[PDB]
Each structure stands twice: as structure tokens, then as C-alpha cells.
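Everything on this sheet refers to the single structure shown next.
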Amino acid sequence: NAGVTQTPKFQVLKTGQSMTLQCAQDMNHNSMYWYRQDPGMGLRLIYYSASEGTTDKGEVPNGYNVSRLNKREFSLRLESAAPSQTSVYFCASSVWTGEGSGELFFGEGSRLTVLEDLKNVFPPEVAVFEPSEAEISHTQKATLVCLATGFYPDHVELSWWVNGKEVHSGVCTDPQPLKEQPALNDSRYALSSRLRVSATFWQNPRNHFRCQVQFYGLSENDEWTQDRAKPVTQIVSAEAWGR
Amino acid sequence: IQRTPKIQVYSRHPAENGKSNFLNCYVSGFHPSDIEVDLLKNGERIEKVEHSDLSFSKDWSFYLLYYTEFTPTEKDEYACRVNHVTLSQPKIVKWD
Amino acid sequence: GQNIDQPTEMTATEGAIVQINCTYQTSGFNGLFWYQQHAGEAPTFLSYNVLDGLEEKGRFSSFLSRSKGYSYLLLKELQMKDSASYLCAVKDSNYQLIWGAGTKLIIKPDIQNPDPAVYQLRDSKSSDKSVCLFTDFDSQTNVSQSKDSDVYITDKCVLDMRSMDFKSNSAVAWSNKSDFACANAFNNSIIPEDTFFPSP
Amino acid sequence: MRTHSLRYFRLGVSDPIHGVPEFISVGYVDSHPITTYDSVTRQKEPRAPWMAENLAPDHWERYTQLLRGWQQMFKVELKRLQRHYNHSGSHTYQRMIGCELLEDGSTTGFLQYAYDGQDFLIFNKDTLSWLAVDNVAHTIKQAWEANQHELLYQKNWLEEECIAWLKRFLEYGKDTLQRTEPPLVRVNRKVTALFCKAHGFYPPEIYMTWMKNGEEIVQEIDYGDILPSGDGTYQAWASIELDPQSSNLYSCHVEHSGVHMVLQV
Ligand SMILES: *Cc1c(O)ccc2ccccc12
Ligand SMILES: [Cl-]
Ligand SMILES: [Cl-]
Ligand code: NA
């Protein structure tokens, strides 16, 4: 009942590194596909599997390979990662191939960034800014702002937590990060989010607010040689209390 | 419903003694598809015999053409022998 | 299997109607699909057309003319949740999918009581940044990027306070420069004449 | 141009004897095989040289993958039918799809299935429905008809795609398919019957009949099959029995490719 499950959601790779993406579907479908999605163009088929026991190239097979491991699973292999393979990868399935009007069912996607060097990988700095009293007095509302800045690559999930529970109502997070230096190709990124609540809610001294950013970065096996701390996968947060 | 094969034996060209020709056995209208076909010269099986791939008719039955190169003589009698699940023993159909 | 075209982006207002066009030149034709894809999410199937005409599903309709090689996806009574990319795809003679590059649909919220203002948020103990919030402006207002390299300005974001059935636009600006003042943060933007600037 | 047709057949067998394919698929333009696939080779291959010469390897590679999928789907469908019929042993499932382009420019299109060699389901692309011959077919009809889109897809494929393929292949095979070899026709005598015999002709479509005193006698005429001679041409015959008690003017009439001939006996 999960539909199409693909992993990992994010991955950083060094040029030349190997990577396998996993995909499973529990819909008892026969046909499976791997796509890449890049800015400014349509989805491009990498490899596909019309049925269990057969696979073939799509439009852009070079630098990849696949295994239709069984009816449920279709893995994508990057044997030697290249920066051009920086992309968002989508697994999909359909009941059959070349039979009628059947649609595709898509996985959640996998964001890959491939770098020559991992020395430009940085976690976000996270800071929370308490609402303006002028806003409170003028509108009877109170907007908190969270800033996550200086991170690279763009592999983050920001969330707000109010009194220990994640919230979505009253939240707006930029859909796209800001390049802190638009001209540089590997510019670090900034991301802002707002949480707006009633002045009454802000003014309860026992309400607690937290901005949390999950960063997906390096793991144990990734080599690190820089003077600064190794930018591993991590959660960085900042908080505020009502006043 | 199983359908017994129709069996027709004929030469490619109007036969004339001493002139090279092809002997055909056209087996058609049968169902299901498994079938066995031999061409016979004087009652004995001919070794160099060719056939088309299994073919499909609109009425869902099947057909095949079996043939061999030969030179008809006055004395030699030719036949086509066919076996199929609808036949309790092989059916032999003589040329002419 | 050769070419699909759809506009890169479209912007319409909440409550209104938008027609998203898709033209195709393909080797043969076995149907045209539309998919919705929210930012950061999977595409999901919306519609299929293969004969000529208009097909309706809820607030969405999809039209096809095979002879003109043309389809549109029609969205009525637009809501904020309709903000998404819409992908056109055609199956060619060999049942291969040809994908359009997608149309990004941006929805302008209908702001009932605009109250544009630029507020100064409180400094954080743990940060050298000053932070300014441009908020509650009408949707016709555009926020432009900073032209000072040490000032950062995000684009406008629509938030929804569901419990108050209240939506509002805002953009954030920040810097750690001694200069920086909220009074000047957005002056590279065209902002409303009556924008409220509370005193320092 | 005279009438031409494109037809694609599938055969599935549920418990095939040793070595015999469980699945075979063959296409035809008129009487000519053009493509083949089966579960043993697992490869799509041309069956006419003018198909091989005009379709690049990526065509064959792609239809190889498509047919491997269609093979599995056919197996699943047959398994479902044989279960619902509560049938043991080996049974067959067939499909035929295709279209005709008539001389006058009009078109036809058809899609139908068979179980054990008998009509099972027949598509009507004008009413967008399936005709079911029995209750097993009726269950399948209900399932297939539940998705209107699938019916629309087949109508489009039969009316637009099929005709476009046909025209494409007609041009590829022009020198074969659009040629004419007129028949050589003779009358033999052999209760004595008159035999009218034709051979050497292409296309295979030919009309042969006997007239008596200028009137047709269809009930008393025996018609032979149109048979392949093995060299790309065809042969056929028709016979009647002579009245030993009264003379009559008999004549053999042959029509082939827009030309009529009469052999007065
Ligand atoms: C098998 C095959 C090939 O090769 C060409 C065109 C087709 C059209 C319909 C079905 C099968 C086909
Ligand atoms: Cl087929
Ligand atoms: Cl075509
Ligand atoms: Na490859």
C-alpha cells in the first residue's frame, strides 16, 4: 500500500564514487522505469524494464546501469559518478508497457549532487528572529523568521516545532533557496521561513518555538581533509519562547 | 472444438515428366497448432523437405506449406502424410 | 517521438481560470497525458486524452485536437494548492513517452485587506544579522532581488493561517552590515506608497 | 491502389508439449508475414526482406522489449480464462488486431480474441463496447469496459495508428505488394467434369466461376482454394459436371486485378 518507494532521498557524491539507488513497488506492476529531471527540460528515461526478466536502455543510459532484481525491485547504479549526473532521479512503474492508456506512478525522487571535491560542502547556520512589537501592535499577529544560511549543496528540510510538535499551519518556507553569491557556480545557499501566529499565542510565556533544519551531507566513509569540522548529515536548530 | 487439417497436394507448375518442379503440401484450417507433416516418395519419407513458418488465419485456424524440389517421372508416386490430434492415425494424401 | 512544447511559467489569480497549453510534434500518437508535480514532490497523474474533445474531472478539464497537435489543461476556481508544475506527455507510435518541460503555475492570493508594512524583527543573541520583514502587501507587488552583495532578499511567500482563514504575502531581507536599515532594505523594489514603516 | 490489410496475431498455449512455444506473435500485410516473435527466441524479427531493409536495429530492439511484456500479459490473461472455465490440460488463447485500407479510400478496423479457436471477445470501435460470447467473456467485458480510456485508445489505434503503419509498410514493400502477375488459365476435361485452372498469379485475390449458356450455376460449381505455389504466386481452380444428355455452352470466367477473361469451351 506504499506505492513506489525509492531511496535515498538525498545523496552527496565525489566524482568517481559509486552509488546505487533502490526502488520497490508493491502495486504488483510489471513495468518499471528510471528517469532524471533537470531544469529546463522534460523527464528523460535512463533505463526501463517492460516486464520482470528484461531491461533496456532509455534515451540517456551512459554512465548508468540497472537491475530488475525481481517483480518488485528495480535498482539504478552509478558506477563512476560524474558532475553531469547531478540531478533528481525518479523511479516509476506502470501495470504494463505499450498496453492502452495506463499512467505512471512515481517514487518520491532522489536528489544527487556530484562534486569534484567535498571541500565546498557546508551545513546550515540556523537562527530564529522574534517578532516585531510594531507588527504585534499594528496587526495583532506575530511573525517569527528562521534563516538557514551558508549551506551547500541544497539538501535541506526545514521544519517548525511548537511546544514539541511539528506545525505547518501559519508556515511559509521559500520554495527555492537563495544563492548567496549568484555569479559563482557553487555558491552556498540561504533559505528563509516564517511562522505567523496570533499575538495572543506569541504572548503566552510558556509557548516554545523551534526552527529545525535537517542537512544531508557526508557520512563516515567520506574522506575529510579540511581544517573545519566534517560536514556530516545533521540537524541544526534554533529556538525562541513566547514573551 | 478441434478442427482436422485440410490437406492439398499439388505441384508448383503444371507437371510434365522430366521437368524439374516443386511438390507442395498445403495443410490448413486445423486447430490446435501442433502438427506433423511428411512428404513421401514411393511411400518413403523425403529427407530434404522445407516448410513455411506456422501461419494464422482470421477464423483462428492455422496453416502451413510443406514442399520439396523434385522431377516427376511416370513411375514415381508422391504423397503427403499428416498427423494431428484430430486424427486417430496418420492421414496419407496422394499427389494427383 | 520528437517535440513537446508548453510555456515555462504562468501566473493567475486565486478564484480565476487558467488554460495551460501543450503542443506536440511526434512520430505517431497514442494519447496525451497531464501530470501535476508540486515543488519537491513526485509527479501524479491528472488526465488522459486520445480522441478529440473536452473531458472534465472536477475543477480540471483537459482538451485534445489530434489534427492540430494540441491539448490544454483547464483549471477553474484556482486555489493556492493548485500552485505546482504541470507536465504534458505524449505516447508516440512505439508507445514511448515524450515529456514536455513543464509549466510552473503561480497563484496570486486574493488579499482582502492589504496592510503593507516593513517590520524590524528582534535581533538574535546567536546571530550578527539584522532581519526585516516586508509583509501584508497586495499580490500585484513584486519583490526584487537586492543589488548590494551583502544584503539578502528572498522572494515573496504566501502563508495561510487556517484558523483565521487569513492569507498574507511576505519577503525577508537581512544583512550584517553596519549600514543596514529596514527603512532602506527593500528600496530596490517597487513598494506600495502607503507602506507602513514603524519607527526605530 | 487496391485493398490492403495489416493484421497482428498472438497465440498463447497453456501447457505446451516439449519445445513448442507457449507464445507466438506474427504480423501480416495482406498474405505476407512481416514480423515474428516467440517465447523461445524472445526476439522480434522481420519476416520479409523489405521489412528488414527499412527498419533499423533500434526498432527491433524496442519491439523485442514490448513483445516480452506482451508475452507475460498474454500468459496472465490465459491463466485467468482457464481458471474461470475450470478447464484442465492445454488450452489456447488468441488475439487478432488490424485494419484495412480499401480501394475507395475508406477504412475498417477490428480487434478480437479467441479461446480454444472460437470467438471469445469482439471489439466494436463504433459503439465502444465488447461483445462477449459466454459468461467468462462477460466478466472480462465488464473489466475492460470499466476504463473508458482503454476503449478510446483502441478506437484511436485501429482508426489512426494501424492505418498509418499499413501505409508505411505498403511503401516499404511496394515492389512486392503492389505488383500484378496475370493468371495463366486453361480448361481440362476429366461422369465427366470440366476443370478451369489458373496459376502464376499475384495478388492472390481472384474470382473464377463457370457459366452455362451465359447463366451462372453456383450450386453446381465446385470451387478450389486459392493456393500458394511457393514462388510468391498463387493457383486456383473451379469445376462443373457436364450434362451427358444435352449440349450446353459452358465458359470459364476469371477476374483478376481489374481484368476479366472468358474461356469458351
Ligand atoms: C511487431 C511490430 C512491429 O515490428 C512493427 C509494428 C507493429 C505494430 C503493431 C504491433 C506490433 C508491431
Ligand atoms: Cl500484437
Ligand atoms: Cl508509422
Ligand atoms: Na549505461
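Residue numbers start at 1 in each chain; chains themselves are named A, B, ... in the order of the C-alpha cells; ligands are numbered from 1 in the order shown.
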
For stretch 21-23 of chain C, please output as number ranges by chain all residues within 7 Å (counting only C-alpha atoms; exclusion window: fewer than 4 positions along the same chain).
C: 4-6, 69-73, 88

Which residues are near residue A:94? Cut-off 7 Å, only C-alpha atoms, ignore same chain within fewer than 4 positions. Put them as a list in words.
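So, after excluding close chain neighbours, the residues are residues 29, 30, 31, 32, 102, 103, 104 and 105 of chain A.
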
Show me, as an NGL selection string, the residues that have an atom within 8 Å of residue D:149 when counting only C-alpha atoms, minus same-chain residues fewer than 6 positions from it.
(:A and (100-101)) or (:C and (48-50))

Restricted to C-alpha atoms, what would the selected residues look like written as a PDB file, in the first residue's frame?
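See part_39.pdb below for the written result:
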```
ATOM      1  CA  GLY A 100      -3.627   1.056 -23.567  1.00  0.00           C
ATOM      2  CA  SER A 101      -3.968   4.269 -21.580  1.00  0.00           C
TER       3      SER A 101
ATOM      4  CA  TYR C  48      -5.555  11.343 -20.370  1.00  0.00           C
ATOM      5  CA  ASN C  49      -6.972  12.266 -23.819  1.00  0.00           C
ATOM      6  CA  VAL C  50      -6.674  10.194 -27.010  1.00  0.00           C
TER       7      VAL C  50
END
```

Can you measure atom CA of residue D:120 to atom CA of residue B:64 for me? One decimal in Å is fine.
24.4 Å

Residues of chain D near chain B: apply a cut-off of 10 Å, count only C-alpha atoms, and supply the list as a VMD selection string.
chain D and resid 7 to 11 13 16 to 17 20 24 to 28 31 to 33 36 47 90 to 97 112 to 119 197 199 to 200 225 227 to 231 233 to 235

Could you list, as a PyMOL selection string, all protein and nucleic acid residues with an atom at most 6 Å from ligand 3, counting only C-alpha atoms and all ligand atoms?
chain D and resi 164-165+168

Quick one: pick out all helix (DSSP H, G or I) residues within stretch 75-168 of chain A from a backbone DSSP run and write them as a ChimeraX atom specification.
/A:83-85,118-120,133-139

Stretch 61-138 of chain C near stretch 39-50 of chain A within 7 Å: what's each residue's closest atom pair and its distance in Å to one decimal, counting only C-alpha atoms, ordered by chain then ascending residue number, as CSV?
```
residue,atom,partner,partner_atom,distance
C:99,CA,A:42,CA,4.8
C:100,CA,A:42,CA,4.8
C:101,CA,A:42,CA,3.9
C:102,CA,A:42,CA,6.8
```

Check: which chain A residues lie within 6 Å of chain C using only C-alpha atoms, as a list in words
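Here they are: residues 41, 42, 43, 98, 106, 108, 129, 130, 131, 132, 169, 170, 171 and 172 of chain A.
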
Counting only C-alpha atoms and all ligand atoms, the residue among D:123, D:85, D:250, D:157 that lies closest to ligand 1 is D:157

List the spatial neighbours of residue B:28 as a compact mmCIF listing (two decimals) with N, CA and C atoms, in the first residue's frame - criterion: any atom at most 6 Å away, only C-alpha atoms, same-chain residues fewer than 6 positions off excluded.
```txt
# COMPACT_ATOMS: atom_id res chain seq x y z
N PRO B 5 -7.12 -31.07 -40.08
CA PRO B 5 -6.49 -30.34 -41.18
C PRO B 5 -7.05 -30.72 -42.55
N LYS B 6 -7.26 -29.73 -43.40
CA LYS B 6 -7.41 -29.94 -44.83
C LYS B 6 -6.02 -30.11 -45.45
N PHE B 62 -5.08 -22.56 -38.31
CA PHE B 62 -3.69 -22.44 -38.72
C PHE B 62 -3.44 -23.05 -40.09
N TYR B 63 -2.34 -22.67 -40.73
CA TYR B 63 -1.95 -23.30 -41.99
C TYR B 63 -0.43 -23.24 -42.18
```

Nearest to chain A, chosen from D:189, D:179, D:155, D:44, with only C-alpha atoms counted in the distances
D:155

Close residues to ligand 4 using only C-alpha atoms and all ligand atoms, limit 12 Å, as number ranges by chain
A: 45-48, 55-67, 76-80

Need the shell around residue A:68: protein/DNA/RNA residues with any atom at most 8 Å away, counting only C-alpha atoms. Skip same-chain ones fewer than 4 positions apart. Format as a PyMOL selection string?
chain A and resi 49+52-55+73-75

From the DSSP assignment of the backbone, select every residue of stretch 59-194 of chain A that is strand (DSSP E), and format the answer as JSON, numbers by chain.
{"A": [65, 66, 67, 68, 74, 75, 76, 77, 78, 87, 88, 89, 90, 91, 92, 93, 94, 105, 106, 110, 111, 112, 113, 114, 115, 125, 126, 127, 128, 129, 141, 142, 143, 144, 145, 146, 147, 148, 149, 150, 151, 156, 157, 158, 159, 160, 161, 162, 165, 166, 167, 171, 172, 173, 178, 179, 189, 190, 191, 192, 193, 194]}

May I have the residues of chain D within 7 Å of chain C, counting only C-alpha atoms, written as a list in words?
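Filtering chain D at 7 Å from chain C with only C-alpha atoms gives residues 152, 153, 156, 157 and 161 of chain D.
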